[PDB]
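Here the structure is laid out as structure tokens; the discussion comes afterwards.
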Amino acid sequence: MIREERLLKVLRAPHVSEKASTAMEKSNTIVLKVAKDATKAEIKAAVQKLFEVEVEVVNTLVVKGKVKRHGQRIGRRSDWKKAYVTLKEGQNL
Amino acid sequence: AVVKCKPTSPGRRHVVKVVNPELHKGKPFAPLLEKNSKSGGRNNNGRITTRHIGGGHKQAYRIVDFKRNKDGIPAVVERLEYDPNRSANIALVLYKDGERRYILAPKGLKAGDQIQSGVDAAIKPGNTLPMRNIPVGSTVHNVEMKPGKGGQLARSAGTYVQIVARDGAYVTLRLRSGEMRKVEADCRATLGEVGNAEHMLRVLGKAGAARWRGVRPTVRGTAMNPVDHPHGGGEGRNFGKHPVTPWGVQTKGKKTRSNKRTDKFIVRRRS
Amino acid sequence: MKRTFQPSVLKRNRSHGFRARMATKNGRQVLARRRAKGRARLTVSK
RNA sequence: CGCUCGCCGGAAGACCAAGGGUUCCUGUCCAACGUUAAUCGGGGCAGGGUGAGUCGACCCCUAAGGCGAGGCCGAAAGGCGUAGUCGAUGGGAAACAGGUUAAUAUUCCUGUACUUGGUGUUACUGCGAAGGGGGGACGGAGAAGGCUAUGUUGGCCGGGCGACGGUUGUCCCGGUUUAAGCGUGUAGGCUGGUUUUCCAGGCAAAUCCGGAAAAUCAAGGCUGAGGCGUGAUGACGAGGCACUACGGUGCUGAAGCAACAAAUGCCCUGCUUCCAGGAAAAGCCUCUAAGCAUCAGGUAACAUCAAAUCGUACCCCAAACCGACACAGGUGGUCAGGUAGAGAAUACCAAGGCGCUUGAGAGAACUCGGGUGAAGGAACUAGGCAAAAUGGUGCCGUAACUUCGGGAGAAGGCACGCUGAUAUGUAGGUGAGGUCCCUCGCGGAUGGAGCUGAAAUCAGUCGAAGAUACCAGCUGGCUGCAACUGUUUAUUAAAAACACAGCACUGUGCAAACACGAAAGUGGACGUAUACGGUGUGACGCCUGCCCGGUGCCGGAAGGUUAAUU
RNA sequence: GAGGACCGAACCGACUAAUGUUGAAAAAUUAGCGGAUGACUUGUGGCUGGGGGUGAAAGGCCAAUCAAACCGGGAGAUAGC
Ligand SMILES: [Cu+]
Ligand SMILES: [K+]
Ligand SMILES: [K+]
Ligand SMILES: [K+]
Ligand SMILES: [K+]
Ligand SMILES: [K+]
Ligand SMILES: [K+]
Ligand SMILES: [K+]
Ligand SMILES: [K+]
Ligand SMILES: [K+]
Ligand SMILES: [K+]
Ligand SMILES: [K+]
Ligand SMILES: [K+]
Ligand SMILES: [K+]
Ligand SMILES: [K+]
Ligand SMILES: [K+]
Ligand SMILES: [K+]
Ligand SMILES: [K+]
Ligand SMILES: [K+]
Ligand SMILES: [K+]
Ligand SMILES: [K+]
Ligand SMILES: [K+]
Ligand SMILES: [K+]
Ligand SMILES: [K+]
Ligand SMILES: [K+]
Ligand SMILES: [K+]
Ligand SMILES: [K+]
Ligand SMILES: [K+]
Ligand SMILES: [K+]
Ligand SMILES: [K+]
Ligand SMILES: [K+]
Ligand SMILES: [K+]
Ligand SMILES: [K+]
Ligand SMILES: [K+]
Ligand SMILES: [K+]
Ligand SMILES: [K+]
Ligand SMILES: [K+]
Ligand SMILES: [K+]
Ligand SMILES: [K+]
Ligand SMILES: [K+]
Ligand SMILES: [Mg+2]
Ligand SMILES: [Mg+2]
Ligand SMILES: [Mg+2]
Ligand SMILES: [Mg+2]
Ligand SMILES: [Mg+2]
Ligand SMILES: [Mg+2]
Ligand SMILES: [Mg+2]
Ligand SMILES: [Mg+2]
Ligand SMILES: [Mg+2]
Ligand SMILES: [Mg+2]
Ligand SMILES: [Mg+2]
Ligand SMILES: [Mg+2]
Ligand SMILES: [Mg+2]
Ligand SMILES: [Mg+2]
Ligand SMILES: [Mg+2]
Ligand SMILES: [Mg+2]
Ligand SMILES: [Mg+2]
Ligand SMILES: [Mg+2]
Ligand SMILES: [Mg+2]
Ligand SMILES: [Mg+2]
Ligand SMILES: [Mg+2]
Ligand SMILES: [Mg+2]
Ligand SMILES: [Mg+2]
Ligand SMILES: [Mg+2]
Ligand SMILES: [Mg+2]
Ligand SMILES: [Mg+2]
Ligand SMILES: [Mg+2]
Ligand SMILES: [Mg+2]
Ligand SMILES: [Mg+2]
Ligand SMILES: [Mg+2]
Ligand SMILES: [Mg+2]
Ligand SMILES: [Mg+2]
Ligand SMILES: [Mg+2]
Ligand SMILES: [Mg+2]
Ligand SMILES: [Mg+2]
Ligand SMILES: [Mg+2]
Ligand SMILES: [Mg+2]
Ligand SMILES: [Mg+2]
Ligand SMILES: [Mg+2]
Ligand SMILES: [Mg+2]
Ligand SMILES: [Mg+2]
Ligand SMILES: [Mg+2]
Ligand SMILES: [Mg+2]
Ligand SMILES: [Mg+2]
Ligand SMILES: [Mg+2]
Ligand SMILES: [Mg+2]
Ligand SMILES: [Mg+2]
Ligand SMILES: [Mg+2]
Ligand SMILES: [Mg+2]
Ligand SMILES: [Mg+2]
Ligand SMILES: [Mg+2]
Ligand SMILES: [Mg+2]
Ligand SMILES: [Mg+2]
Ligand SMILES: [Mg+2]
Ligand SMILES: [Mg+2]
Ligand SMILES: [Mg+2]
Ligand SMILES: [Mg+2]
Ligand SMILES: [Mg+2]
Ligand SMILES: [Mg+2]
Ligand SMILES: [Mg+2]
Ligand SMILES: [Mg+2]
Ligand SMILES: [Mg+2]
Ligand SMILES: [Mg+2]
Ligand SMILES: [Mg+2]
Ligand SMILES: [Mg+2]
Ligand SMILES: [Mg+2]
Ligand SMILES: [Mg+2]
Ligand SMILES: [Mg+2]
Ligand SMILES: [Mg+2]
Ligand SMILES: [Mg+2]
Ligand SMILES: [Mg+2]
Ligand SMILES: [Mg+2]
Ligand SMILES: [Mg+2]
Ligand SMILES: [Mg+2]
Ligand SMILES: [Mg+2]
Ligand SMILES: [Mg+2]
Ligand SMILES: [Mg+2]
């Protein structure tokens with residue numbers, strides 16, 4: 001049992017993009033920004049508990065942050081974790 | 001047999017092989033094999049400490065029984081074999097109880113021969129006894145220097161030792177070097193001579209044949225510069241000095257034995 | 001023509017990395033020196 | 001964007017490791033960067049993009065080597081190393097085909113699979129390791145056979161009837177693809193099998209391995225490419241049809257066979273042969289010990305659950321890596337089509353990729369890179385430097401000398417294209433139907449349809465020339481030096497120098513001499529005088545003379561002299 | 001079907017010439033050249049450290065540095081020039 005307090009911290013935001021929208025309307029898969037240290041099992045439990053939908057499978061990847069310039073200053077955005085969450089057929093989010 | 005190669009190429013003109021159509025053609029006996037990787041003549045400081053060693057063929061180590069202390073149980077020679085680790089051939093022997101061992105192959109030993117060790121073994125080639133029980137005047141090999149330590153003298157192909165005398169607890173031996181040496185009579189020895197006497201008749205024939213054996217080139221000191229070797233230097237071929245090692249010690253007759261601990265056992269030096 | 005710098009990350013880290021520096025007293029004195037100088041990058045360790 | 005032209009194509013194509021790190025895709029901008037302009041960019045800015053039980057890492061296991069509790073050694077710092085613990089470049093489970101994005105895909109989707117482990121039932125049951133045994137597990141070269149990848153031709157299906165003479169045909173163009181998995185067990189490779197009794201071996205035990213003695217049977221087992229079947233009534237598929245936001249989308253879809261040739265890939269970790277004699281440890285199989293006893297544990301079937309985490313974009317013979325540059329340099333692995341060809345050479349092409357980020361004119365000297373040259377032909381020059389020349393295959397033929405192998409491709413010379421016949425395509429290779437047999441199958445024998453196919457001879461014929469291009473030895477005579485193949489002054493010296501097999505002297509009895517080291521130790525060597533070190537000489541042939549006064553080395557020890565000490 | 005065998009690509013070299021010499025390049029390009037089953041060549045990783053290593057020996061090589069590497073220190077060495 002993953003504690004609800006942990007489940008409430010692992011989902012960070014929906015991910016909005018053309019690929020995400022196509023995933024939702026073609027494969028019943030929603031795309032999320034998730035905490036960097038979240039596992040697939042944690043993501044699955046959090047989606048099921050908080051969004052109240054049944055999940056088929058979770059795929060994950062780590063996005064490396066870009067180096068950016070700002071007023072001659074060089075910086076680097078943080079890496080983050082993206083989750084493609086496939087829902088069971090018939091579920092709607 | 002000693003076979004001269006035909007001169008179909010300059011590198012084969014001078015080659016002389018020792019071909020023995022009795023050695024096993026298959027693989028060695030695996031339970032008595034160990035790996036043995038190469039050193040390049042370098043010690044654990046990683047420094048070259050013996051020059052002219054490197055490369056050559058990969059070799060597995062055969063565990064050879066130099067102690068010959070399995071007394072009272074006969075063994076039969078199963079086959080003779082090539083051993084890359086030494087000049088002599090070895091023989092795989094099967095004991096009555098089902099144990100197999102490797103021994104140095106004496107001259108004349110062939111598959112089917114029987115061997116034995118111990119105080120009551122027969123006086124026959126390949127049998128091992130304490131020298132107390134071997135007749136004076138006999139020819140023996142694989143001679144111990146301390147009882148139970150294992151054979152250490154006359155192990156190379158074709159070598160043997162003569163038991164010349166027996167006085168009290170000691171026997172006197174004529175070694176291959178010509179030295180007369182006292183050894184405890186409780187030390188063991190194997191009857192006969194080490195086989196493969198034709199080993200010294202081979203001719204390598206080309207440089208590569210030495211490279212196959214792990215021997216790297218010798219560079220003459222007189223071919224170097226003075227910073228490298230006492231012999232180096234000279235506008236042209238010059239020498240003008242007493243021959244020395246690379247470290248400066250005379251190398252044409254100066255003696256280097258210094259062992260007062262073992263002096264008491266040398267009846268007569270080789271010269 | 002082959003030049004002198006032929007990069008390998010494993011060799012870089014084994015030769016000059018943080019744990020190699022920590023393995024000897026002389027390497028810990030390199031680190032002490034670079035800290036006293038105030039280097040932003042103490043070692044090659046990426 | 002289009003049409004044309006040219007260039008690479010064993011790469012200048014495609015794909016990785018390494019290294020780099022957003023360079024990837026889309027929009028937008030042209031200051032600076034880009035050796036020019038730039039509307040373009042690997043440039044600026046913004047947004048997007050990397051989806052795994054099966055690929056890799058992590059992980060289990062070890063090599064060289066590293067570290068190393070105690071330990072041994074050393075003024076200190078430290079050195080070495082035992083038990084151990086790390087360390088890949090090596091050993092260890094499992095996924096394929098098709099479709100899809102602007103950008104990922106063996107990761108997403110469709111279809112069809114597979115592996116390991118945890119639980120829980122059912123049935124049967126001796127399980128148990130830090131120990132024993134097996135296995136893993138290993139070289140070089142060479143030779144075939146059986147195959148596949150792949151190609152070519154025919155058949156089949158669809159389309160065509162030609163910008164200029166001809167083209168309904170023995171004509172032209174295109175396609176003719178299909179995986180892992182599962183089943184079967186073939187060419188081939190290896191091994192006799194089974195059952196009893198006994199035993200100084202495998203640190204104890206062992207039913208396992210090893211050994212000994214009988215009985216009986218003779219075929220039993222292990223391994224194995226390919227093919228065949230299924231996977232697949234599926235997928236893909238030339239083209240056609242309809243819209244386009246003219247970039248491309250949506251629908252449908254024929255044939256989908258055979259013969260021949262054929263690898264450097266597979267059978268093959270095989271086989272034959274040679275000497276220089278060819279890792280380790282775990283996974284895996286098996287044996288028992290202590291111990292546990294209708295318990296645990298094991299075996300099998302079924303069900304269910306789990307297989308986390310990190311990498312995955314993009315460049316990769318390069319404008320993204322190493323070279324200060326968008327630098328004629330360097331960079332390990334994999335793939336390997338057509339015609340000619342021995343070929344991965346070479347020429348022209350395919351797929352695919354490119355015209356090298358200043359151009360426009362002109363048509364002086366001179367420089368660079370090339371082409372041709374009257375007569376002469378080394379007169380040039382230090383020197384034939386450079387250039388010119390030779391150049392293939394088959395056959396004829398080939399001297400001195402020689403260590404009998406060589407020299408030798410010595411030298412020199414002849415033939416060579418195309419067409420027809422021999423022979424509507426030969427010798428040879430391959431091989432279907434049919435027939436016979438069978439211990440009936442992926443079988444044997446016969447049989448030869450079909451396919452493929454040199455080489456030769458005779459006759460004819462075109463050109464100045466038939467190894468026509470690219471490609472592709474110049475040859476001979478005397479002589480110095482080094483025997484030879486090798487090595488060397490990275491960047492002015494490749495040699496006659498170094499090495500070398502062979503030879504000799506000499507040291508070295510093993511705790512070897514010797515070498516690294518205040519030392520412990522380590523190398524020498526798990527070697528032992530037919531061995532190991534040092535030194536000189538340098539294949540081989542015939543040989544290697546005289547001198548021990550000097551210097552050194554070896555032996556001697558009666559005498560002289562002589563240190564600390566007393 | 002032997003061989004430090006033979007011809008010859010890849011691969012490893014570097015004998016000659018021209019060019020280049022503020023280079024396309026701080027050692028190359030082009031035409032020729034040698035080895036090409038071996039004393040061969042190559043990837044990954046390891047080991048040897050400065051009077052020290054390694055050296056088929058050229059005082060060669062040890063990061064475009066070698067008759068004693070590089071960096072820091074004694075250090076403002078000393079300099080009848
Ligand atoms: Cu004295
Ligand atoms: K031997
Ligand atoms: K020499
Ligand atoms: K000299
Ligand atoms: K000299
Ligand atoms: K000289
Ligand atoms: K290093
Ligand atoms: K430029
Ligand atoms: K312009
Ligand atoms: K842009
Ligand atoms: K080790
Ligand atoms: K170790
Ligand atoms: K299961
Ligand atoms: K073999
Ligand atoms: K066809
Ligand atoms: K026409
Ligand atoms: K039998
Ligand atoms: K199949
Ligand atoms: K076991
Ligand atoms: K990818
Ligand atoms: K070409
Ligand atoms: K002009
Ligand atoms: K002009
Ligand atoms: K003719
Ligand atoms: K036929
Ligand atoms: K025929
Ligand atoms: K030729
Ligand atoms: K000579
Ligand atoms: K040369
Ligand atoms: K030399
Ligand atoms: K000697
Ligand atoms: K001779
Ligand atoms: K000779
Ligand atoms: K003399
Ligand atoms: K003398
Ligand atoms: K005296
Ligand atoms: K190697
Ligand atoms: K040196
Ligand atoms: K440096
Ligand atoms: K120095
Ligand atoms: Mg992932
Ligand atoms: Mg941050
Ligand atoms: Mg050490
Ligand atoms: Mg030597
Ligand atoms: Mg040896
Ligand atoms: Mg020698
Ligand atoms: Mg010299
Ligand atoms: Mg000197
Ligand atoms: Mg002279
Ligand atoms: Mg003189
Ligand atoms: Mg001296
Ligand atoms: Mg590398
Ligand atoms: Mg264009
Ligand atoms: Mg950028
Ligand atoms: Mg781009
Ligand atoms: Mg500009
Ligand atoms: Mg402008
Ligand atoms: Mg950009
Ligand atoms: Mg999935
Ligand atoms: Mg895998
Ligand atoms: Mg240690
Ligand atoms: Mg300690
Ligand atoms: Mg480990
Ligand atoms: Mg590995
Ligand atoms: Mg892509
Ligand atoms: Mg074992
Ligand atoms: Mg192996
Ligand atoms: Mg082999
Ligand atoms: Mg085929
Ligand atoms: Mg096929
Ligand atoms: Mg017409
Ligand atoms: Mg056709
Ligand atoms: Mg099929
Ligand atoms: Mg080959
Ligand atoms: Mg990719
Ligand atoms: Mg450019
Ligand atoms: Mg370049
Ligand atoms: Mg290369
Ligand atoms: Mg071709
Ligand atoms: Mg070519
Ligand atoms: Mg094309
Ligand atoms: Mg002109
Ligand atoms: Mg000119
Ligand atoms: Mg000309
Ligand atoms: Mg002329
Ligand atoms: Mg003319
Ligand atoms: Mg003329
Ligand atoms: Mg003439
Ligand atoms: Mg003249
Ligand atoms: Mg003149
Ligand atoms: Mg010339
Ligand atoms: Mg020419
Ligand atoms: Mg001649
Ligand atoms: Mg065929
Ligand atoms: Mg040419
Ligand atoms: Mg002369
Ligand atoms: Mg020579
Ligand atoms: Mg070299
Ligand atoms: Mg030079
Ligand atoms: Mg040169
Ligand atoms: Mg020792
Ligand atoms: Mg010692
Ligand atoms: Mg030792
Ligand atoms: Mg000489
Ligand atoms: Mg005298
Ligand atoms: Mg004396
Ligand atoms: Mg050769
Ligand atoms: Mg060189
Ligand atoms: Mg060249
Ligand atoms: Mg040659
Ligand atoms: Mg060649
Ligand atoms: Mg110093
Ligand atoms: Mg000199
Ligand atoms: Mg240098
Ligand atoms: Mg000095
Ligand atoms: Mg001072
Ligand atoms: Mg000063």
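As shown in the structure tokens, the chain order sets the letters A, B, ...; within each chain, residues go from 1, and ligands are also counted from 1 in the order they appear.
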
Please find the residues contacting ligand 44 at a distance of at most 7 Å between atoms, with only C-alpha atoms (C1' of nucleotides) and all ligand atoms counted, and report them as a list in words.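 What falls inside 7 Å of ligand 44 is residues 51, 52 and 218 of chain B; 533 of chain D.
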
Give me, as number ranges by chain, the set of residues whose atoms come within 7 Å of any atom of ligand 94, counting only C-alpha atoms (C1' of nucleotides) and all ligand atoms. D: 260-261, 430

Enumerate residues in contact with ligand 41: an atom-to-atom distance of at most 10 Å, counting only C-alpha atoms (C1' of nucleotides) and all ligand atoms. Format the result as a list in words. residues 59, 60, 61 and 62 of chain A; 50, 51, 52, 107, 309, 310, 311 and 312 of chain D

The selected residues should be written to file as a PDB file, in the first residue's frame (atoms: N, CA and C atoms (P, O5', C5', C4', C3', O3' and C1' of nucleotides)).
```pdb
ATOM      1  N   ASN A  59       3.787   4.168 -19.124  1.00  0.00           N
ATOM      2  CA  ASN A  59       5.112   4.290 -19.716  1.00  0.00           C
ATOM      3  C   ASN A  59       5.705   5.629 -19.307  1.00  0.00           C
ATOM      4  N   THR A  60       7.012   5.664 -19.081  1.00  0.00           N
ATOM      5  CA  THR A  60       7.647   6.855 -18.546  1.00  0.00           C
ATOM      6  C   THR A  60       8.892   7.187 -19.349  1.00  0.00           C
ATOM      7  N   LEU A  61       9.274   8.459 -19.301  1.00  0.00           N
ATOM      8  CA  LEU A  61      10.542   8.901 -19.869  1.00  0.00           C
ATOM      9  C   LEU A  61      11.012  10.141 -19.116  1.00  0.00           C
ATOM     10  N   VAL A  62      12.315  10.407 -19.179  1.00  0.00           N
ATOM     11  CA  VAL A  62      12.903  11.575 -18.521  1.00  0.00           C
ATOM     12  C   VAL A  62      13.306  12.587 -19.587  1.00  0.00           C
TER      13      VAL A  62
ATOM     14  P     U D  50       8.578  12.209 -26.859  1.00  0.00           P
ATOM     15  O5'   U D  50      10.004  11.642 -27.275  1.00  0.00           O
ATOM     16  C5'   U D  50      10.138  10.510 -28.125  1.00  0.00           C
ATOM     17  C4'   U D  50      11.330   9.662 -27.740  1.00  0.00           C
ATOM     18  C3'   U D  50      11.367   9.211 -26.275  1.00  0.00           C
ATOM     19  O3'   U D  50      12.106   7.999 -26.185  1.00  0.00           O
ATOM     20  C1'   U D  50      13.269  10.490 -26.725  1.00  0.00           C
ATOM     21  P     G D  51      11.474   6.555 -26.487  1.00  0.00           P
ATOM     22  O5'   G D  51      10.311   6.364 -25.425  1.00  0.00           O
ATOM     23  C5'   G D  51      10.548   6.265 -24.031  1.00  0.00           C
ATOM     24  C4'   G D  51       9.303   5.780 -23.324  1.00  0.00           C
ATOM     25  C3'   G D  51       8.918   4.327 -23.620  1.00  0.00           C
ATOM     26  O3'   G D  51       8.246   3.786 -22.486  1.00  0.00           O
ATOM     27  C1'   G D  51       7.165   5.739 -24.300  1.00  0.00           C
ATOM     28  P     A D  52       9.040   2.927 -21.390  1.00  0.00           P
ATOM     29  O5'   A D  52       9.128   1.476 -22.029  1.00  0.00           O
ATOM     30  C5'   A D  52       7.978   0.730 -22.402  1.00  0.00           C
ATOM     31  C4'   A D  52       8.348  -0.700 -22.706  1.00  0.00           C
ATOM     32  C3'   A D  52       9.053  -1.435 -21.566  1.00  0.00           C
ATOM     33  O3'   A D  52       8.883  -2.840 -21.741  1.00  0.00           O
ATOM     34  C1'   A D  52      10.500  -1.318 -23.393  1.00  0.00           C
ATOM     35  P     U D 107       8.366  -2.269 -30.795  1.00  0.00           P
ATOM     36  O5'   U D 107       8.692  -1.536 -29.419  1.00  0.00           O
ATOM     37  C5'   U D 107       8.554  -2.200 -28.171  1.00  0.00           C
ATOM     38  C4'   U D 107       8.443  -1.218 -27.034  1.00  0.00           C
ATOM     39  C3'   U D 107       7.452  -0.082 -27.274  1.00  0.00           C
ATOM     40  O3'   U D 107       6.752   0.224 -26.077  1.00  0.00           O
ATOM     41  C1'   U D 107       9.597   0.812 -26.822  1.00  0.00           C
ATOM     42  P     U D 309      10.107   2.102 -13.178  1.00  0.00           P
ATOM     43  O5'   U D 309      11.620   2.427 -12.856  1.00  0.00           O
ATOM     44  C5'   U D 309      12.001   3.023 -11.636  1.00  0.00           C
ATOM     45  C4'   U D 309      13.494   3.100 -11.581  1.00  0.00           C
ATOM     46  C3'   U D 309      14.122   3.801 -12.775  1.00  0.00           C
ATOM     47  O3'   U D 309      14.149   5.202 -12.621  1.00  0.00           O
ATOM     48  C1'   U D 309      15.215   1.742 -12.399  1.00  0.00           C
ATOM     49  P     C D 310      13.762   6.156 -13.845  1.00  0.00           P
ATOM     50  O5'   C D 310      15.110   6.257 -14.675  1.00  0.00           O
ATOM     51  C5'   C D 310      16.246   6.870 -14.106  1.00  0.00           C
ATOM     52  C4'   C D 310      17.500   6.438 -14.812  1.00  0.00           C
ATOM     53  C3'   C D 310      17.518   6.627 -16.317  1.00  0.00           C
ATOM     54  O3'   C D 310      17.702   7.971 -16.707  1.00  0.00           O
ATOM     55  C1'   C D 310      18.372   4.501 -15.798  1.00  0.00           C
ATOM     56  P     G D 311      17.077   8.484 -18.088  1.00  0.00           P
ATOM     57  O5'   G D 311      17.932   7.742 -19.198  1.00  0.00           O
ATOM     58  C5'   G D 311      19.313   8.004 -19.386  1.00  0.00           C
ATOM     59  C4'   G D 311      19.841   7.225 -20.555  1.00  0.00           C
ATOM     60  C3'   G D 311      19.085   7.414 -21.858  1.00  0.00           C
ATOM     61  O3'   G D 311      19.516   8.577 -22.530  1.00  0.00           O
ATOM     62  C1'   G D 311      19.473   5.119 -21.491  1.00  0.00           C
ATOM     63  P     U D 312      18.501   9.473 -23.391  1.00  0.00           P
ATOM     64  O5'   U D 312      18.063   8.539 -24.595  1.00  0.00           O
ATOM     65  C5'   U D 312      19.031   8.048 -25.509  1.00  0.00           C
ATOM     66  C4'   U D 312      18.424   7.024 -26.426  1.00  0.00           C
ATOM     67  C3'   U D 312      17.250   7.519 -27.289  1.00  0.00           C
ATOM     68  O3'   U D 312      17.316   6.932 -28.582  1.00  0.00           O
ATOM     69  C1'   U D 312      16.611   5.611 -26.069  1.00  0.00           C
TER      70        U D 312
END
```

Using only C-alpha atoms (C1' of nucleotides), determine which residues lie at most 10 Å from residue 86 in chain A, disregarding the query and same-chain residues fewer than 4 positions distant; provide the list as a ChimeraX atom specification. /A:23-24,27-31,44,54-59

Taking only C-alpha atoms (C1' of nucleotides) into account, report as a list in words which residues of chain C lie within 12 Å of chain E.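 Close enough to count are residues 1, 2, 3, 4, 5, 6, 8, 10, 11, 14, 30 and 33 of chain C.
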
Among listed residues D:558, D:299, D:20, D:551, nearest ligand 105 (using only C-alpha atoms (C1' of nucleotides) and all ligand atoms):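 For ligand 105, the nearest of the given residues is D:551.
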
Counting only C-alpha atoms (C1' of nucleotides), collect the residues of chain D whose closest atom lies at most 12 Å from chain A, and write them out as a PyMOL selection string. chain D and resi 21-22+26+44-52+100-104+107-109+306+308-313

From the options D:59, D:504, D:458, D:432, which residue's atoms come nearest to ligand 25, counting only C-alpha atoms (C1' of nucleotides) and all ligand atoms?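 For ligand 25, the nearest of the candidates is D:432.
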
Please check which protein, DNA or RNA residues sit within 8 Å of ligand 99, counting only C-alpha atoms (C1' of nucleotides) and all ligand atoms, and write them as a list in words.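 The neighbouring residues of ligand 99 are, in order, residues 489, 491, 492 and 493 of chain D.
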
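A distance cut-off of 9 Å from ligand 58, applied to only C-alpha atoms (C1' of nucleotides) and all ligand atoms, picks out the residues residues 23, 41, 42, 43 and 44 of chain D.
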
Serialized selection, N, CA, C and O atoms (P, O5', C5', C4', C3', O3' and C1' of nucleotides), as a PDB file, in the first residue's frame:
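Wrote it out as selection.pdb, contents follow:
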```
ATOM      1  P     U D  23      19.526  23.170 -30.534  1.00  0.00           P
ATOM      2  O5'   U D  23      20.018  22.379 -31.842  1.00  0.00           O
ATOM      3  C5'   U D  23      20.953  23.009 -32.746  1.00  0.00           C
ATOM      4  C4'   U D  23      21.863  21.961 -33.335  1.00  0.00           C
ATOM      5  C3'   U D  23      21.194  20.762 -34.010  1.00  0.00           C
ATOM      6  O3'   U D  23      20.728  21.079 -35.312  1.00  0.00           O
ATOM      7  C1'   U D  23      23.198  20.154 -32.850  1.00  0.00           C
ATOM      8  P     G D  41      16.444  27.286 -43.116  1.00  0.00           P
ATOM      9  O5'   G D  41      17.962  27.086 -42.671  1.00  0.00           O
ATOM     10  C5'   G D  41      18.739  25.997 -43.143  1.00  0.00           C
ATOM     11  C4'   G D  41      20.102  25.975 -42.497  1.00  0.00           C
ATOM     12  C3'   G D  41      20.102  25.910 -40.978  1.00  0.00           C
ATOM     13  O3'   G D  41      19.957  24.577 -40.527  1.00  0.00           O
ATOM     14  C1'   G D  41      21.663  27.538 -41.731  1.00  0.00           C
ATOM     15  P     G D  42      19.144  24.245 -39.189  1.00  0.00           P
ATOM     16  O5'   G D  42      20.267  24.199 -38.066  1.00  0.00           O
ATOM     17  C5'   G D  42      21.387  23.347 -38.215  1.00  0.00           C
ATOM     18  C4'   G D  42      22.310  23.458 -37.036  1.00  0.00           C
ATOM     19  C3'   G D  42      23.071  24.771 -36.944  1.00  0.00           C
ATOM     20  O3'   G D  42      23.385  24.985 -35.573  1.00  0.00           O
ATOM     21  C1'   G D  42      24.599  23.003 -37.286  1.00  0.00           C
ATOM     22  P     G D  43      22.719  26.174 -34.730  1.00  0.00           P
ATOM     23  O5'   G D  43      23.253  27.545 -35.373  1.00  0.00           O
ATOM     24  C5'   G D  43      24.552  28.045 -35.023  1.00  0.00           C
ATOM     25  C4'   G D  43      24.456  29.548 -34.984  1.00  0.00           C
ATOM     26  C3'   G D  43      23.262  30.095 -34.200  1.00  0.00           C
ATOM     27  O3'   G D  43      23.539  30.124 -32.807  1.00  0.00           O
ATOM     28  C1'   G D  43      23.301  31.116 -36.296  1.00  0.00           C
ATOM     29  P     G D  44      22.360  30.007 -31.722  1.00  0.00           P
ATOM     30  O5'   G D  44      21.670  31.424 -31.881  1.00  0.00           O
ATOM     31  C5'   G D  44      22.239  32.595 -31.326  1.00  0.00           C
ATOM     32  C4'   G D  44      21.195  33.674 -31.262  1.00  0.00           C
ATOM     33  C3'   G D  44      19.940  33.295 -30.493  1.00  0.00           C
ATOM     34  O3'   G D  44      20.077  33.435 -29.093  1.00  0.00           O
ATOM     35  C1'   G D  44      19.319  34.203 -32.569  1.00  0.00           C
TER      36        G D  44
END
```

Pick out the residues no farther than 7 Å from ligand 64, counting only C-alpha atoms (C1' of nucleotides) and all ligand atoms, and list them as number ranges by chain. D: 88-90

For residue 178 in chain B, please output as a PyMOL selection string all residues within 8 Å (counting only C-alpha atoms (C1' of nucleotides); exclusion window: fewer than 3 positions along the same chain). chain B and resi 174-175+269-271
